Amino acid sequence: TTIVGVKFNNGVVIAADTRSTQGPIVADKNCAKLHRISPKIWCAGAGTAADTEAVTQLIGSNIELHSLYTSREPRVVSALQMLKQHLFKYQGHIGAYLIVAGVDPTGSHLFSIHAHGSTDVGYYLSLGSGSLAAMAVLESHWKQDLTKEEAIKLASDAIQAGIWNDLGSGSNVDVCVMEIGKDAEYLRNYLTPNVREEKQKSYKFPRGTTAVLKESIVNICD
Amino acid sequence: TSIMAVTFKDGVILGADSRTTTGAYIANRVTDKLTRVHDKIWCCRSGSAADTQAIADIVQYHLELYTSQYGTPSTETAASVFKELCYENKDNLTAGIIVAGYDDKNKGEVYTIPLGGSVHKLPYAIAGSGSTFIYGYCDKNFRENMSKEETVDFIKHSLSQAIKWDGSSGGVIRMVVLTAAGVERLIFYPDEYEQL
Amino acid sequence: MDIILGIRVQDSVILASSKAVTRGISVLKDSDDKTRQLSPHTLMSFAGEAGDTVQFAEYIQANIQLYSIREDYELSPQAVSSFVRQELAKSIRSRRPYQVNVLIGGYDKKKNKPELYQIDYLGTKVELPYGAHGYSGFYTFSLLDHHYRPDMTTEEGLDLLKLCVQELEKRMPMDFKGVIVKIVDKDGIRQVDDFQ
Amino acid sequence: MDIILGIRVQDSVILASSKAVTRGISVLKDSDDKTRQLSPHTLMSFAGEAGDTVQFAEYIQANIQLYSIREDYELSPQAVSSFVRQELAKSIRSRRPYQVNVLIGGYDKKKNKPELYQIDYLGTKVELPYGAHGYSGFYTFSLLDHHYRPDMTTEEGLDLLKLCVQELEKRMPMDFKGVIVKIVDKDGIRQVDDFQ
Amino acid sequence: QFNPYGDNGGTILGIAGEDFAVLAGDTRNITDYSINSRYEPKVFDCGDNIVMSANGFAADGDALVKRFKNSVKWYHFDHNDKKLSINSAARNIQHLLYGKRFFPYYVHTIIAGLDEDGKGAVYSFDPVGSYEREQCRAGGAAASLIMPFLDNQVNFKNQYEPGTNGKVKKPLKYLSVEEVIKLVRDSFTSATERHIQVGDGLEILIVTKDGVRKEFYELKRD
Amino acid sequence: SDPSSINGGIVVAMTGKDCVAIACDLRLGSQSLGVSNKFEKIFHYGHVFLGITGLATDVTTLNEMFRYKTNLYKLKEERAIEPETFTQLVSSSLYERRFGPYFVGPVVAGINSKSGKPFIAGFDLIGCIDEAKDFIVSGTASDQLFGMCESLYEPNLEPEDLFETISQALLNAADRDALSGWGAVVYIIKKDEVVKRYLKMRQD
Amino acid sequence: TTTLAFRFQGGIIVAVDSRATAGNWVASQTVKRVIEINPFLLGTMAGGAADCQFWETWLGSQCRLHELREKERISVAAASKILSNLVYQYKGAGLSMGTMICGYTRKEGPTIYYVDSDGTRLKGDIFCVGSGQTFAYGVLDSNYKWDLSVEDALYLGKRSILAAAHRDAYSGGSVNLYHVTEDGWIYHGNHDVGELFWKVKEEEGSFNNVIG
Amino acid sequence: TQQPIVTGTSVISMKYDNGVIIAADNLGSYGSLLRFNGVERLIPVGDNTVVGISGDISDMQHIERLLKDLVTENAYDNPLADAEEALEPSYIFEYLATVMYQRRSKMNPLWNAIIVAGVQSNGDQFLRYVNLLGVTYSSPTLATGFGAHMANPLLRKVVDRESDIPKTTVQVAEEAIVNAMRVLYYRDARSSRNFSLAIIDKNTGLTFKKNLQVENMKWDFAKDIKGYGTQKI
Amino acid sequence: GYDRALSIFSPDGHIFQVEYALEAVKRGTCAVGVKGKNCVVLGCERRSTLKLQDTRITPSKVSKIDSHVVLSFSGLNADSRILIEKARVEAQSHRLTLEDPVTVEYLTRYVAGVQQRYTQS
Ligand SMILES: COc1cc(/C=C/CCCN2CCCN(CCC/C=C/c3cc(OC)c(OC)c(OC)c3)CC2)cc(OC)c1OC
Ligand SMILES: COc1cc(/C=C/CCCN2CCCN(CCC/C=C/c3cc(OC)c(OC)c(OC)c3)CC2)cc(OC)c1OC
Ligand SMILES: COc1cc(/C=C/CCCN2CCCN(CCC/C=C/c3cc(OC)c(OC)c(OC)c3)CC2)cc(OC)c1OC
Ligand SMILES: COc1cc(/C=C/CCCN2CCCN(CCC/C=C/c3cc(OC)c(OC)c(OC)c3)CC2)cc(OC)c1OC
């Protein structure tokens, strides 16, 4: 897994690859690793995937209720404080490693949070088994005052660093852009550089080829 | 990491490298380890980042509640909330904290809280992994009641040595100055402190 | 491990259970009954950890008796075993699991069929023409796979079972002091007094 | 555990050895003879670790048979047993000790006396009226301590043995598949054609 | 403590046609989650019409390939340049392997070529010298994803004649080389998708009475 | 020692044109010992089919639990639960036991009665959702299953075809796993009807 | 795996399965678990595949050198004691072997020695070895007659392996059958457990709790 | 069987159109104490080969001696010691890969990762890796330690495959290496600013650059970074 | 480590140390054996150099090797003892490893081999 977040002049973009692994096996060649906390606060997750989903949906739900109660738009600094205090409680047993990005009425934000409950702030970040490939690219091509289109390119490339160079990362690139005065823009499969080639054969069986002992139609409706 | 706080004539200055590391991999090279728990009460954090951010967050909450009830807390009181959290939870924390702040009654003050939950009031305090290498240097170079410029240099030099030798330290030298004038943030980049 | 055997024939369920109880290097008893009658048409045999084995069986017994009194009715074999499986499935995640494996043999009076259920201490249940717990099945399953017919009389079942016990007495390192054999049919539950 | 028993009566020595051979979960053989003839008037029974027992036994047999031809003399039982005792005491401190226990039963044709020797895998040798290796003593020694007489006939000694095997057959968890009985007297070595 | 062993990924595959034999392997060499090389071949021509792959721990696999090539040369020296028969090669490899029975080559070995009747042939080995002649055998990381496919597609397992209802097993026809090459390529593109240690390139060595030729196909690079 | 490997067994699910298929082996064993040849791992609640592999006592418990839950659902909601909703219920249920989980690998298959679209999903033992549109695999031969599926599967198969495909995937993969087999059942599922066939396979 | 040998009036029947597993993974359904030491001696493979296949081949070399020096067939006793003695030199080093050395000489008649990596060597009439052994014993024990026909003996050995292939997860694939006579051994084919199960079920009426 | 004490970190390398570049920093660490700074971990062998070394430094020093001795002895009774019979890069590597493997196989390894860089006498570029396990492989890019995680992904963008090598000039390839060296100094905690670099070009020969520093560093943005999520001052 | 070649060829192709060993044999007390239809007898000759010889404790000329095979010699006495020990041990070892006593030919071939080795070492 490789996830990154890059700040640009008017917002923030996060990106992730689409590969879920069980050991050395690829279970999903298109997993969505970009999660929604609120409409303009999004999350990339790495670690135990049940945990990254569990924790973003929980804090997601509490964030919604806080929002309805205070009649205010959700703040990133809140999803941060809530994530980190939940994680810290569980001493890292909740294996969620997270980059949280968003725009709110105070500006644009980018943080990373660790399973144990530590948080970091920066203009560019990465996590995952592709963390290193991605951060090499970011250390090479980042500058302040990125345009939107520049920050997409950058974040997009960094994921490609992990797709190619990291065994744990692969397949497609997912991006979400959240810009200060606009709707969060979510690009599922922004990049698909990994299409499987056409097989050398079709493996359709001639019907009747399987040996059957019993048939019986099944009762759906009571 | 390498952290220190030094008292001088006009107040007190905290310093730190900006490197946090996970093994040999530098997870963050622009870390801010200087942490505000009150207007003129700051801390230097070292140890588990999670343990140490969480402790600071609770102390910030406590002194804020203190403030709304009994006005401004003493540096000594900030140190006490820290000690209390660190001592009573000693089995489940890896935190080494230098607390530093300013009063008009008291001027600059420095408390170090090491792994014990013990608490120690010192004229200056070093801590973090890089600290071992500058024990000798600082003992030969600390003078009481230095000027602000003297003190900023004493920290610059010490921390550049700690960063030089300890690979757990590095990046930028950050400082925070606490005087009656108020609160001043300083930064010093590699190219500057390396060639000293 | 001691012998727990069951075969369901045409119109009854046979349960053969080993007679030995061994603690240490001494065989403490050669006449132990590893069954409880749960209702007059439902028999339960059991093997496992010392203590747990009887405490559990009698627990279940009391429970099925209570129900019988409360409803003036006799739970079907399928209902008793589901009850039992669930108790086992609860205890597996408890602080101290019962380490008990059971066969439940009953004659369903409504359905007019004998039924044999095998349930291990995890709560793994299955309905079976023949079953066993422990190593008992490793020796005997081959004989049963060969000779079993669902139309077998009770005397034919007993022949097949006798054969099974002979193979255990031959190839198994332990002396289990023989088996007690019980039959559950439409008339209820009886002990075959002669199985030498 | 394997059964290794011996008793010397008036003018003869009786050795009883369990017939079972178990590899893990199966009893591979029920007709095993756990003795080697060393001299025409000396028998050795053995029990212990799987490969070691026969390798040792046959090694000792070869050496006694070689001595016999070299001298045209049959070494005395006491001498044969001192040789064996030294061979085990060498091995106990070697790189892989033979884990074998033995009884030696022989008629000293020179002294007209039956003699019985007990030696364990570590070289501990002792001369006895009756002896047993492993757990075998625990069941039978109360019987022998009671009934044993130095002046017993071979018939009486065979009866005493019959009692011992019965006690073993009822209190021991393991089925040792019975025993082979052998007598060493002045006429040499014979096996009881039917016992139990 | 020092660990004398490692794992370099890779999967290999050997199939025996009735007058030919192929032996194929991917070309990616890995360590943990890192890719060491996208092209480092591990199927070799050892002369006398014998191709050989030793997949597993690469140091051991290299060492073993060296020793065998060298035993072919010494066989020639010692027996007036007699051709090393595939069965003799196999028996000799047993001895090579079993020499380290208590410090094994951590590899799975396959060799391919023609027997002394012109018929195609595959031998596969334990790490410690167990060996059998076989029709087809994949080995290494993705062996378990490839073997069932082969059982179904080469030996027509579980297939019967339509309308026979499992009363007539679908008849074994035997496959041309190009046909067998298709199965190898599909096998590998498949394992590439679902196994993270498989990709980059696929090199197939083909052995006929006319010698040893070598086809190469690209694989997905994530 | 590995709870997901004591009993054995596998489940594979697949989507074709206006249909979905879900198959399982029939084996239940204790390590090397084959106990039952009739232990099915595919259950349904209305028109939602759930296949469970893993520890047998949990497979059972989970089925009883999802019956219970989908019963109270129908009662309160007055409609049968849909696949996507169910899949969410499975996930939240497994996560309830995050630090003491059920040792299973569940697989959901069905057709949305309103939207008509075919649906399959899979989970690990603590509820993370595999949201794939092609096939989902689970159990002790999950590796073999992956290899076979990636090759054999092509999208939009008619029911009669998809049956051939999913059966062949199940069969050969189970024959390369010591802990799976002893018979098999395949469910072909459409909006109108659901057909259930028992395959013939080697009994070793 | 499951391997069996037993002697009867007509010599020795040897029967084995052919499955190899590493973990849960079935690595092969086609392994030869019978080692043809020489035309008069069979060995069976259990425990370590390599250890049996290797040393029993080596056994074949030692058996030939004996025949050249002594100008006579080696006794099954001597052949087995060579294997046994060798193995015993390695005790503790981690060899894994369980095996029947089987042969028919004039001096001895049909003879079976069980030999294992512990240094055990046993003469006997019926042996089974491997994870499936306990199943095969049951069938063998209740049908073994000394005066079994040859046709029937071949069946019993085949049926005993089928028994264990069905119940044991680690045995299966196919049955390999041998008859050992004094003139040497005769291979009696490879029968897939797949097909054999159904035929046996149908024709014999057994395996009743299986749907077919 | 041992454990490393004084250690050197990443060695990075790639090949361009007419040769190879290899680089390595000048640091000998002692656990987390950055002890020795004048440590040369690139070792040129004659004039067509550089061997770069990471791992245990005492073991490096040993291999260093083995290489001078390899050169001394190649000269013995060889009037072509600097012509048709000079040490070739493939010779040195096969030698090295042989010793590593034997050392691992005696369960007493040299605790090192080695890259051997050079040009063969027919002009061919040589780039191959070997480590304490005796494992060997080649690629247009090669790196050890953190370099395989951070340096390779960058270097691979210049040279993805074989056909990219002819298209890659020495200016481009050297710039890529110096960049990677800076990235490594940003992110690897056992790295040093001072490093050495060597080009082995098939026309210009061995060029050996020393006392280089990582330059053009971006640290300024750090002033705008305060607290760890919630702080404002 | 004395390894001087004592048994070598001379130009006529004779090995003189082996031949001088034969001379030692001619000197020794005569020995004979003859094969019955169902027995073998060994006859030897008693030395008549001196008497006052204790007859019950002087080494006899015939030695049992196993219980079914005897060896008699002629020549150096001290030499014959060594040969006898070696064969008695091989008789046992042969039984230990093959579970048969030695055939007479096997044991002959064994002893023969030992002597041969001493002509070439
Ligand atoms: C005992 O004290 C010490 C501890 C340490 C620190 C040791 C290890 C560091 C901590 N971690 C180890 C590495 C693992 N980790 C995980 C980070 C992200 C995981 C990426 C990822 C990978 C995957 O595939 C494997 C995923 O798929 C399942 C995935 O999910 C989307 C995410 C973070 C934490 C270092 C020390 O100095 C040298 C030390 O002093 C002696
Ligand atoms: C700057 O941030 C960091 C903090 C830390 C964590 C610092 C904490 C150090 C932990 N300890 C070191 C300090 C000392 N210590 C115990 C002292 C050992 C002596 C044994 C002892 C035991 C006794 O018990 C009976 C004694 O009483 C008699 C006694 O007498 C003094 C001595 C244990 C614990 C580690 C870092 O990486 C390297 C790091 O860099 C990013
Ligand atoms: C401390 O020293 C003393 C010892 C003794 C005499 C010792 C006897 C103790 C009593 N117990 C020991 C023996 C009996 N026992 C139960 C243990 C049974 C073990 C058999 C067993 C077999 C199995 O195989 C079938 C098992 O597997 C299912 C199994 O369960 C794990 C257990 C519990 C209690 C008496 C004393 O008098 C004051 C005394 O103090 C001076
Ligand atoms: C049929 O094929 C299979 C066989 C087996 C099991 C193989 C059984 C072979 C038979 N034996 C070989 C295996 C080992 N064995 C005895 C164990 C040896 C104990 C070693 C030892 C250690 C010591 O410790 C130092 C000792 O000294 C105290 C000592 O005594 C001298 C001995 C018993 C006999 C398991 C399988 O499942 C995966 C399988 O199917 C693929």
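Just so it is clear, the values below take in all heavy atoms, side chains as well, and ignore hydrogens, waters and symmetry mates. Here is how names work: the chains are called A, B, and so on, in the same order as the sequence lines, proteins then strands, and each is numbered from 1. Both counts, for ligands and for their atoms, begin at 1 and track the order of listing.
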Asker: Yes or no: does G:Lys91 have any heavy atom under 4.0 Å from an atom of ligand 4?
Answerer: yes

Asker: Is any side-chain heavy atom of E:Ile196 less than 4.5 Å from a side-chain heavy atom of A:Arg19?
Answerer: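 Heavy-atom side-chain distance check passes, below 4.5 Å.
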
Asker: Taking the side chain as C-beta and beyond, is there a heavy-atom pair between A:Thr2 and A:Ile163 under 4.5 Å?
Answerer: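 Not touching, per the 4.5 Å side-chain cut-off.
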
Asker: Parallel, tilted or perpendicular: which one describes the rings of H:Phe146 and B:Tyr25, with boundaries at 30° and 60°?
Answerer: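 Geometry flag for B:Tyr25 against H:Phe146: parallel rings.
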
Asker: Classify the side-chain pair C:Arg171/G:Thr134 by whether it contains a donor and acceptor separated by less than 3.5 Å.
Answerer: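 Their side chains do not contain a donor-acceptor pair, so the 3.5 Å distance test is not met.
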
Asker: Near G:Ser131, which atoms of ligand 4 are under 4.0 Å from a heavy atom of that residue?
Answerer: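 Per the distance check, 1 (C).
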
Asker: Is any side-chain heavy atom of B:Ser48 less than 4.5 Å from a side-chain heavy atom of B:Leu93?
Answerer: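 Side-chain contact under 4.5 Å: no.
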
Asker: Within ligand 1, which atoms have a heavy atom of A:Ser129 less than 4.0 Å away?
Answerer: 20 (C), 21 (C), 22 (C)

Asker: In residues 22-29 of chain G, what donor-acceptor pairs under 3.5 Å come from side-chain atoms, sequence neighbours left out?
Answerer:
residue : atom : partner : partner atom : Å
G:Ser28 : OG   : G:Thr30 : N            : 2.9
G:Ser28 : OG   : G:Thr30 : OG1          : 3.1
G:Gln29 : OE1  : G:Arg19 : NE           : 2.6
G:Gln29 : OE1  : G:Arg19 : NH2          : 3.3

Asker: Say whether A:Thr21 and ligand 1 are in contact under the criterion: heavy-atom distance to a ligand atom below 4.0 Å.
Answerer: yes

Asker: Charged N to carboxylate O below 4.0 Å: is that the case for C:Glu49 and C:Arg96?
Answerer: no

Asker: Under a 4.0 Å heavy-atom cut-off, what residues line ligand 3?
Answerer: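 Residues C:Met1, C:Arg23, C:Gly24, C:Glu49 each place a heavy atom under 4.0 Å from ligand 3, listed by chain and number.
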
Asker: Show the atoms of ligand 4 that are less than 4.0 angstrom away from any heavy atom in G:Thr1.
Answerer: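 Selected atoms, number and element: 1 (C), 2 (O), 3 (C), 39 (C), 40 (O), 41 (C).
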
Asker: Enumerate the atoms of ligand 1 whose separation from the nearest heavy atom of E:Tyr33 is less than 4.0 angstrom.
Answerer: 25 (C)

Asker: Decide whether an N or O pair under 3.5 Å exists between A:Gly47 and ligand 1.
Answerer: yes

Asker: Only heavy atoms of G:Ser117, strictly under 4.0 Å: list the atoms of ligand 4 that pass.
Answerer: 12 (C)

Asker: Would you say A:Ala49 touches ligand 1, if touching means a heavy atom closer than 4.0 Å?
Answerer: no

Asker: Using the ring-ring contact (aromatic ring centres under 6.0 Å, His included) rule, take A:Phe88 and A:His116 through it: C-alpha gap first, then chi angles, then the decisive distance, then the call.
Answerer: CA-CA 5 Å; A:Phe88 184 84; A:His116 279 80; 9.1 Å; no

Asker: Can you label the angle between the G:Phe135 ring and the C:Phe138 ring as parallel, tilted or perpendicular, going by 30° and 60°?
Answerer: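 Tilted, since the angle between the ring planes falls between 30° and 60°.
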
Asker: Is there side-chain contact between A:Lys29 and E:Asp222, with at least one heavy-atom pair below 4.5 Å?
Answerer: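 Result no, sub-4.5 Å side-chain heavy-atom pair not found.
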
Asker: Has G:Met97 got any heavy atom lying under 4.0 angstrom from an atom of ligand 4?
Answerer: yes

Asker: Determine whether A:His35 and A:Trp42 make a side-chain contact, defined as any pair of heavy atoms from C-beta on separated by less than 4.5 Å.
Answerer: no

